[PDB]
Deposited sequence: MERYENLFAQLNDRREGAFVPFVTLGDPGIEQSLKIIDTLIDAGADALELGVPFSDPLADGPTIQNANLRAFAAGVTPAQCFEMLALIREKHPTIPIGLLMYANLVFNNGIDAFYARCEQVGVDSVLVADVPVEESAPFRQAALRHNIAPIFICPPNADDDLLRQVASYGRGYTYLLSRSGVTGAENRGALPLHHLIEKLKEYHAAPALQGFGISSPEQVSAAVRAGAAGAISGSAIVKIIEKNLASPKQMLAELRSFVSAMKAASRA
């Protein structure tokens, strides 16, 4: 139902920016991760970017590398990741749910079948971390055939041909890593999807600066998982510090 168009329209009507936290599904456990995601949404998360544990995340840093190990240690498989995704959709109908995938888990049971199950569980978007826009043809076609938004990363070394491709083939939102001000202008010029800055977004000052720079919001990756990684022995004190951090970062976008 394009929850991104309706979230961005809302956040624009209140002159707000989006705060999108990232976590790995099933980290450190299935039940714990479900309560972690529930804590992020109540704290004030506008959207969700979720990762499926992959054995070889060659595009993620060590903090998320350990999140996959923490999830594999709990035994989380792509099968129960999607039953998690289904339960999360049935709890929060309006929030946009994004997936950070790797190409093998999508290709494994057929590309079109992977996006078919995302649509069955209510997933709004999918970014495949290791498929560049030059190799994106079969993935975005399967994603559009099941009303999924293909999310594309626009890196800091992007030339004009890349910005034109990300604007044309990208839906939902554009993943900015990042003066980003010149990159934000060109994406608005080429009518790209609203850009979310996701790169070391750690403090509330970076959420604020991203919005002022022209981006539609900020994506916090390692910052949330670091909080989970720190309080692995204290379950509630983890959620406690999770609620304080996300509501602080969400206020930074208002």
Which parts of the deposited sequence lack C-alpha coordinates?
179-191, 268
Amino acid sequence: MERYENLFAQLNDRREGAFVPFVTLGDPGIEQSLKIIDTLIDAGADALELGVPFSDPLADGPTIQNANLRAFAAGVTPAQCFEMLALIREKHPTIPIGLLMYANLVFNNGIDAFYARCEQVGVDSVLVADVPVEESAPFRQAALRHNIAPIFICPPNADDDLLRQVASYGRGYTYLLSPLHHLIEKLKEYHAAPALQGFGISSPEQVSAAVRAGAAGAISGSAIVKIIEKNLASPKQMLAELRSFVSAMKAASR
From here on, numbers count along this sequence of modelled residues.
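Superpose the two forms; the largest set of C-alphas matching within 1.5 Å is the rigid core.
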Rigid core superposed, root mean square over structures and residues, which stretch has C-alphas farther from this form in 8 other deposited structures of this protein, 208-216 or 53-61?
53-61
Between 102-110 and 77-85, larger RMS Cα displacement in 8 other deposited structures of this protein after core fit:
102-110
Comparing mean C-alpha B factor in the record for 180-188 and 118-126, the higher one is 180-188
By the entry's values, the third containing the CA B factor of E49 is the lowest
With respect to C-alpha B-factor, does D160 fall in the lowest, middle or highest third of the chain as deposited?
highest
